[PDB]
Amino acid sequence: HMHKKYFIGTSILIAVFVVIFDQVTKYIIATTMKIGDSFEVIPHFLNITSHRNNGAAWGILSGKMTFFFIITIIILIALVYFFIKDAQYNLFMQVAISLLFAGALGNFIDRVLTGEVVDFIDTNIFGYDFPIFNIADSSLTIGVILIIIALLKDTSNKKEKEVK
């Protein structure tokens, strides 16, 4: 065969699709809804409630926009470095890095523009009394799950031969 080093076209489409979907949903919630309003999509399981977060996960480190600014630039540059140096010929890793990149960039735009993050996903399917999050948060969590899956799987991949 002819194996490929960088699935760059797929990785860009993935990141572009997530950031567009994240920014549009954030905009229409902040435009067509007041804070505290709640709409019902799946009763008792999923609602859309306008919410604002000036901090990180679970509202930790609230009001530290300079810290979020620096640490997100470090993350974005680190993801680009690992894409080129350690993820070549690995489509699974390149997809996970793109989801991490899109998620970090999505929340980074909100903090730079407004100094806070719009959150509207209000559900209990992934656990009860779970904080209200957004699409950028979902992409981040998803990419982290794939990263730990790939590396945990390769702990059991130490087998000498590669051909029958």
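Start at 1 with the first residue shown and count on from there.
Stretch comparison (17 to 25 versus 143 to 151) by mean CA B-factor in the PDB entry places 143 to 151 on top. Stretches 133 to 141 and 120 to 128 differ in mean CA B factor, with 120 to 128 having the higher one. Ranked within its chain, residue 51 lands in the middle third, by CA B factor from the PDB record. The deposited CA B-factor of residue 32 belongs to the highest third of values across its chain.
The PDB entry assigns residue 10 a C-alpha temperature factor belonging to the middle third of its chain's modelled residues. The PDB entry assigns residue 68 a C-alpha temperature factor belonging to the lowest third of its chain's modelled residues. Remark: residue 88 belongs to the highest third of its chain, ranked by C-alpha B-factor as recorded.
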